[PDB]
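Chemist: The structure follows.
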Amino acid sequence: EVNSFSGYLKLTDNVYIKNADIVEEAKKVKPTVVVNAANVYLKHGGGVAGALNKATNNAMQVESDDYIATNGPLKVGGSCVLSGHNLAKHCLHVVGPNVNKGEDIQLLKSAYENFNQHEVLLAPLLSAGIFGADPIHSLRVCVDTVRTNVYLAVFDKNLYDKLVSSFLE
Ligand SMILES: CNS(=O)(=O)c1cc2c(N[C@H](c3ccc4c(c3)S(=O)(=O)CCC4)C(C)C)ncnc2[nH]1
């Protein structure tokens, strides 16, 4: 079965959300696209990026290093398409702004705009966690920007409940 997402709550006609680990979702659903919360040099050193790379037994990092050698780094708000390995057909590496490192929160709209080149995506909440953006604001930018079908996996029941309550106000 293709893009077999289960147990999501539909927020809008094209945005769905689940309290789930994106790694486990990717292994079970086998989506056409999984989004990585990347940095500009595609160094998957921790957080969501480190977990997705570890689930590929480091194949994503080796492929990423070869992409950067030939193409140079990404820009904040930009993306590239690489292999999905065992997690998806493709991985869309998207760089959201890291507010904790002084990058502009306005680039979060440009980051979500990359999703619109793909019909269906499994994604994390961009710039949340240690990237420092307000997660309620990241969900609002996602809903306002993405026009294709996005399935957000947020691996924290406390944050999931706060996001659904924020959306339903
Ligand atoms: C890394 N540990 S894990 O168990 O594999 C995992 C964490 C995680 C996860 N965590 C959320 C999250 C969302 C975005 C970003 C991060 C974190 S970050 O801190 O890695 C910086 C990059 C942007 C968190 C808010 C609840 N969301 C979805 N599947 C996940 N899987």
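Going by the structure tokens order, chains are called A, B, ..., each with residues numbered from 1, while ligands are numbered from 1 in the order shown.
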Give me, as a CSV table (one decimal) with C-alpha atoms, in the first residue's frame, all polymer residues having an atom no more than 8 Å from range 94-96 of chain A, counting only C-alpha atoms and skipping those fewer than 3 positions away in the same chain.

Modeler:
```
chain,number,residue,atom,x,y,z
A,35,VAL,CA,11.4,15.6,5.0
A,36,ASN,CA,14.6,15.9,7.0
A,37,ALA,CA,15.1,18.9,9.3
A,38,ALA,CA,18.6,19.6,7.8
A,39,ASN,CA,21.4,22.2,8.3
A,40,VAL,CA,23.2,23.9,5.4
A,74,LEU,CA,22.3,24.9,0.9
A,75,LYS,CA,20.9,28.3,1.9
A,76,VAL,CA,18.7,28.8,5.0
A,77,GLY,CA,15.1,28.4,3.7
A,78,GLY,CA,16.3,26.1,0.9
A,79,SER,CA,16.3,22.4,0.1
A,80,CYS,CA,17.6,19.5,-2.0
A,107,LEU,CA,12.8,32.2,6.4
A,108,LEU,CA,10.4,29.6,7.9
A,111,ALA,CA,11.5,26.6,4.2
A,114,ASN,CA,9.8,23.7,-0.6
A,126,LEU,CA,10.3,22.8,11.0
A,127,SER,CA,12.6,24.9,13.3
```

Chemist: Around ligand 1, at most 7 Å away and counting only C-alpha atoms and all ligand atoms, which residues are there? Put them as an MDAnalysis selection string, please.

Modeler: chainID A and resid 20:23 37 46:51 124:131 153:156 159

Chemist: With distances taken over only C-alpha atoms, which of A:17, A:82, A:136, A:29 is nearest to residue 1 in chain A?

Modeler: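 With only C-alpha atoms as the atom set, the closest residue is A:29.
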
Chemist: Between CA of residue 165 in chain A and CA of residue 98 in chain A, what is the distance, to one decimal in Å?

Modeler: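 If I compute the distance from CA of residue 165 in chain A to CA of residue 98 in chain A, I get 25.1 Å.
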
Chemist: Could you tell me which of A:54, A:109, A:30, A:118 comes closest to residue 137 in chain A if we count only C-alpha atoms?

Modeler: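 Closest residue, counting only C-alpha atoms: A:109.
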
Chemist: Could you check how far CA of residue 152 in chain A sits from CA of residue 101 in chain A, in Å to one decimal?

Modeler: 24.4 Å

Chemist: If you count only C-alpha atoms, which residues fall within 9 Å of residue 7 in chain A, apart from same-chain ones fewer than 2 positions away, as a ChimeraX atom specification?

Modeler: /A:5,9,17-19

Chemist: Next, write the just-selected residues to a file, as a PDB file, in the first residue's frame, keeping C-alpha atoms as the atom set.

Modeler:
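Just written: again.pdb:
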```
ATOM      1  CA  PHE A   5      -0.584   6.972   6.945  1.00  0.00           C
ATOM      2  CA  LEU A   9      -5.899  13.963  12.811  1.00  0.00           C
ATOM      3  CA  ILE A  17      -0.881  15.617  12.464  1.00  0.00           C
ATOM      4  CA  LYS A  18       0.098  12.647  14.657  1.00  0.00           C
ATOM      5  CA  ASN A  19       1.886  12.158  18.033  1.00  0.00           C
TER       6      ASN A  19
END
```

Chemist: I'd like the contact shell of residue 99 in chain A - 7 Å cut-off, only C-alpha atoms, skipping same-chain residues fewer than 6 positions apart - returned as number ranges by chain.

Modeler: A: 105, 131-133

Chemist: Skip residue 56 in chain A itself and residues of its chain fewer than 6 positions away, then list as a list in words all residues within 8 Å of it, counting only C-alpha atoms.

Modeler: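 Near residue 56 in chain A, the qualifying residues are residues 85, 86 and 87 of chain A.
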
Chemist: With N, CA, C and O atoms retained, write the just-selected residues as a PDB file, in the first residue's frame.

Modeler:
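Everything below was put into part_28.pdb:
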```pdb
ATOM      1  N   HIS A  85      16.596   6.188   0.746  1.00  0.00           N
ATOM      2  CA  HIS A  85      17.173   4.971   1.339  1.00  0.00           C
ATOM      3  C   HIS A  85      16.048   3.999   1.753  1.00  0.00           C
ATOM      4  O   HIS A  85      15.103   3.844   0.977  1.00  0.00           O
ATOM      5  N   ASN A  86      16.099   3.406   2.952  1.00  0.00           N
ATOM      6  CA  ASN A  86      15.058   2.486   3.408  1.00  0.00           C
ATOM      7  C   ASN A  86      13.866   3.212   4.037  1.00  0.00           C
ATOM      8  O   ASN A  86      12.915   2.550   4.466  1.00  0.00           O
ATOM      9  N   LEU A  87      13.868   4.539   4.069  1.00  0.00           N
ATOM     10  CA  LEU A  87      12.843   5.307   4.747  1.00  0.00           C
ATOM     11  C   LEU A  87      11.758   5.869   3.882  1.00  0.00           C
ATOM     12  O   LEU A  87      10.643   6.115   4.366  1.00  0.00           O
TER      13      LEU A  87
END
```

Chemist: Go ahead and compute the interatomic distance for CA of residue 41 in chain A and CA of residue 73 in chain A, in Å to one decimal.

Modeler: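 Distance reported for this atom pair: 5.1 Å.
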
Chemist: Write out as a PyMOL selection string the residues lying within 12 Å of residue 69 in chain A, counting only C-alpha atoms and excluding same-chain residues fewer than 6 positions away.

Modeler: chain A and resi 41-42+62-63

Chemist: Find the residue from A:148, A:64, A:106, A:158 that sits nearest to residue 12 in chain A; use only C-alpha atoms when measuring.

Modeler: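 Selected residue with least distance to residue 12 in chain A: A:148.
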
Chemist: Check the DSSP output for the backbone and give back, as a VMD selection string, the residues of chain A in strand (DSSP E).

Modeler: chain A and resid 9 to 12 15 to 19 33 to 37 79 to 83 90 to 94 120 to 123 149 to 154

Chemist: Quick one: everything within 6 Å of range 120-123 of chain A, counting only C-alpha atoms, minus sequence neighbours fewer than 3 positions away in the same chain. Send it as a PyMOL selection string.

Modeler: chain A and resi 33-35+149-152

Chemist: Keeping only N, CA and C atoms, write the selected residues as a short mmCIF file (atom, residue, chain, number, x, y, z; two decimals), in the first residue's frame.

Modeler:
```
data_model
loop_
_atom_site.label_atom_id
_atom_site.label_comp_id
_atom_site.auth_asym_id
_atom_site.auth_seq_id
_atom_site.Cartn_x
_atom_site.Cartn_y
_atom_site.Cartn_z
N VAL A 33 7.90 10.76 0.03
CA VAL A 33 8.90 11.73 0.50
C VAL A 33 8.88 11.81 2.00
N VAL A 34 10.08 11.75 2.60
CA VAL A 34 10.25 12.12 4.01
C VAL A 34 11.09 13.39 4.04
N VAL A 35 10.68 14.35 4.87
CA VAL A 35 11.43 15.60 5.04
C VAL A 35 12.41 15.46 6.18
N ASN A 149 -0.10 17.80 0.26
CA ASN A 149 -0.62 17.02 1.39
C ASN A 149 0.52 16.65 2.33
N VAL A 150 0.51 17.22 3.52
CA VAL A 150 1.59 17.03 4.47
C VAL A 150 1.08 16.39 5.73
N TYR A 151 1.83 15.33 6.14
CA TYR A 151 1.57 14.54 7.35
C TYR A 151 2.67 14.85 8.35
N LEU A 152 2.31 15.61 9.41
CA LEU A 152 3.28 16.04 10.41
C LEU A 152 3.35 15.03 11.56
#
```

Chemist: So that I can check the secondary structure, give me every residue of chain A assigned alpha helix (DSSP H) by backbone DSSP, as a ChimeraX atom specification.

Modeler: /A:22-29,47-55,59-71,107-113,135-145,157-167
